[PDB]
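What the coordinates show
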Amino acid sequence: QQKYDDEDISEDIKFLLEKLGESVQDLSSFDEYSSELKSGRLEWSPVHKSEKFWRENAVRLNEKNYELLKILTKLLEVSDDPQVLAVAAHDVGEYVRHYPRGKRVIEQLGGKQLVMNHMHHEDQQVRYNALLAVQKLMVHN
Amino acid sequence: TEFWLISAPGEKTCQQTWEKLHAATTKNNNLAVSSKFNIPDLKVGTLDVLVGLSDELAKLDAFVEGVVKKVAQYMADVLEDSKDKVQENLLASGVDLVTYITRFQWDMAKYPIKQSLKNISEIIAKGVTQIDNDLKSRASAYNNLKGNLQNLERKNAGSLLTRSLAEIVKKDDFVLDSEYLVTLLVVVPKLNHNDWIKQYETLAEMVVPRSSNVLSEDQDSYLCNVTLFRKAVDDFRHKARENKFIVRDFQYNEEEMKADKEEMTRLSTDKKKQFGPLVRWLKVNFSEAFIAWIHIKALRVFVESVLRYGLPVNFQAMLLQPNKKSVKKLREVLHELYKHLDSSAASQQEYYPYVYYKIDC
Amino acid sequence: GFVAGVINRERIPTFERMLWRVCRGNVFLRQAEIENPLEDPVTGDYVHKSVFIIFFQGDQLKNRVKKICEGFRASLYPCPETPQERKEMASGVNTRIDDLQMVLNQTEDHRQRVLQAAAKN
Amino acid sequence: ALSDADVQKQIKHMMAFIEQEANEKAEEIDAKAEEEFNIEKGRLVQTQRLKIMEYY
């Protein structure tokens, strides 16, 4: 927003904006994403909130027998780390936001009870995210 | 005249006399004509489908009312001692309208009742549509011929400016086989006849001298001609148009008017020779149209009675003629005579505690 | 199958009168009443409820009466049927209503406890 | 506009016309049975006639 007479500043900021756009777009992917989600190391990557992943690439989480969703349920049951729990819960919520059929699948699995159990928790941030996830489940339910 | 058609549940077979006249349930103490209706034996067919069939039957009856009213208004448009109230006495299939309505009788040969009443209603609808289209075609053709006749009549209408000279002028007042002489009929009023007939050389030169000869006289102006050179017609018209001398370059030929007059007479004669058949067609067609009108009304009464009473089809239908301006008193009487049929619920409006239809002239 | 409409009384006699005349009311009268109501979904009126149903089994009637009743006032979304397993499943949903009201209470507590933090400054 | 028994009378109305509908459906089903018998018997007779004619 701050313009300057120096052509260097304007050209470099434009060029960096474009290149950073390419960088974030390339970073936005499913392969390394599913690799880390499998390994259980859930850092707060900005790809998780990337809307385009859930608009077009959402069905990739539906692996064989919903392997990704079930193993995230298992890892939520296993790990106690608030930040990985929050990351997994947010990913599950944003996935179920668009597929009301997978919502019935998840309800049949019973992960809603896991999220209800994690709702009351020492980390009120995890509680708040669990409320958001349960709410996305309360969509039409 | 306005007739009511009322049905009752028929819990009692003595109700036939009640329909006839019976004093204990009469109208205005035998001051209004009551009459039994023809109650034949017609099957039921359906009940759950029959509700939609009845609704569509009512729609078809509305269409029937529209088409028969169009038949009536064209009958009044017939004309020739058969305009509106002229022949206000129309005939229900050769008998009086009142006669047929009061002597209603039903016949199965029109429509075998062993078929579905839905099929019967559809066939009546088909016949009604066919006669509607026949009426449209006949009316269009006859109206076109009427317009042609009226146009030919108006061809004999208008002044010399706006009308030809078929029966005024002869061939020999015009120059015959001329080299360059164009005879123009310049109509001149009596207000300027002398001016035209004596100042003709001053009107234009290159004209035949002493050609100022009168042809005939009409009711407002006089008729005359000028014989002159073809180019000089332009100058003559140019000077003459401002002295009350109307220009009319009338062309004459035997065919040009004889054929038109003969065709006018022939068209009039043929229009009459189709007018006769038109009366016969309208009579015979409206006969069956009005018969089927009462028939579909009766079918509506029957189906409504069957739906609104019970399993047996034992209802008591009747035609009635409420006394003039005592319809209110009879409304009281019939409300008292029809509330007890149900006695549990039955505002009446069209939802009476009984089944009612109407038919009028 | 038989369907019972949902209406807060109001104009049962006049509306059912018009239904009797239009449709020829013929079937058994199912009566029920709810006191201690809840506020109406779309306006919030805390109004008792009472129902007097006669529901026909023909399709044309099922559509025409449905049109008229939804036009005036009703909730014909439910459709009770012969099997009782659907009723047991719906009672399972009813027991789940407990969880749902708990989640709603949690949401209300959260939205009421977040505001004072911003209000303090 | 029905009493405490007339409602049952109209239930009986629907019931007994359903009985008549069942009777009519049964009669039409016998008509279909006759027609199906006709066509299937004719077809089977045709096939068996063809086999005997070729053999003969």
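Residues numbered from 1 in each chain as written, not as in the entry; some residues may be left out. Chains lettered and ligands numbered in written order. Part of a larger assembly, values for the part shown. Heavy atoms only, no water.

Method-wise, the PDB entry is recorded as coming from cryo-EM, at a reported resolution of 4.5 Å.

Section: the overall build of chain D
In terms of regular secondary structure, chain D is built from one helix and zero strands. Taken over the C-alpha trace, chain D has a radius of gyration of 24 Å; the compact-globule value for 56 residues is 10 Å, which it surpasses by more than 25%. Principal-axis analysis of the C-alpha atoms places the extent of chain D at approximately 80 × 10 × 10 Å. Across the 56 residues in chain D, those meeting the buried criterion constitute 12%. Both charge centroids of chain D, one from 8 positive and one from 13 negative side chains, sit 7 Å from each other. (Helix = DSSP H or I, 4+ residues; strand = E, 2+ residues; numbered from the N terminus. Rg over C-alpha atoms; globule rule 2.2 N^0.38 Å. Buried < 20%, exposed > 50% of the residue type's maximum accessible area, 1.4 Å probe, protein only. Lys, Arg positive; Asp, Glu negative; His and termini not counted. Charge placed at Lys NZ, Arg CZ, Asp CG, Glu CD.)

So, the packing of aromatic side chains
Residues and elements named next belong to chain B. Inspection of the entire model under this criterion finds 18 aromatic pairs over all chains. Relative to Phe229, the ring of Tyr180 lies with its centre 5.1 Å away and its plane at 35 degrees, an arrangement referred to as tilted. Of this pair, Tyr180 sits in the loop between α4 (117–155) and β5 (181–187) while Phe229 is found in strand β8 (residues 226–229), placing the two residues 49 residues apart along the sequence. Here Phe229 falls in the partly exposed class, since its relative accessible area comes to 25%. (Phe/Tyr/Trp six-rings, centres within 6.5 Å; stacked < 30°, edge-to-face > 60°.)

So, the interface of chain B and chain D
For interface size, the figure often reported is the accessible area lost on association. Between chain B and chain D, the residue contacts involve 14 residues of the former and 10 residues of the latter. Around 890 Å² of area is buried between chain B and chain D when both sides are counted, 64% of it from carbon and sulfur atoms. When the buried area of chain B at its contact with chain D is split by residue, B:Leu47, B:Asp48 and B:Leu311 rank highest and sum to 47% of it. Summed over the shared surface of chain B and chain D, the number is zero salt bridges. At the junction of chain B with chain D, the criterion picks out one residue pair in polar contact. Per-element tally for the side of chain B that touches chain D: the top contributor is helix α8 (residues 254–309) of chain B, with three residues. The class makeup of the residues in the side of chain B that touches chain D is eight nonpolar, four polar and two charged. (Contact = heavy atoms within 4.5 Å. Buried area = accessible area lost by both parts, 1.4 Å probe. Salt bridge = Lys/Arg side-chain N within 4 Å of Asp/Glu carboxyl O. Polar contact = N/O pair within 3.5 Å; in protein donor to acceptor, adjacent residues only side chain to side chain. Nonpolar A, V, L, I, M, F, W, Y, C, P; charged D, E, K, R; others polar.)

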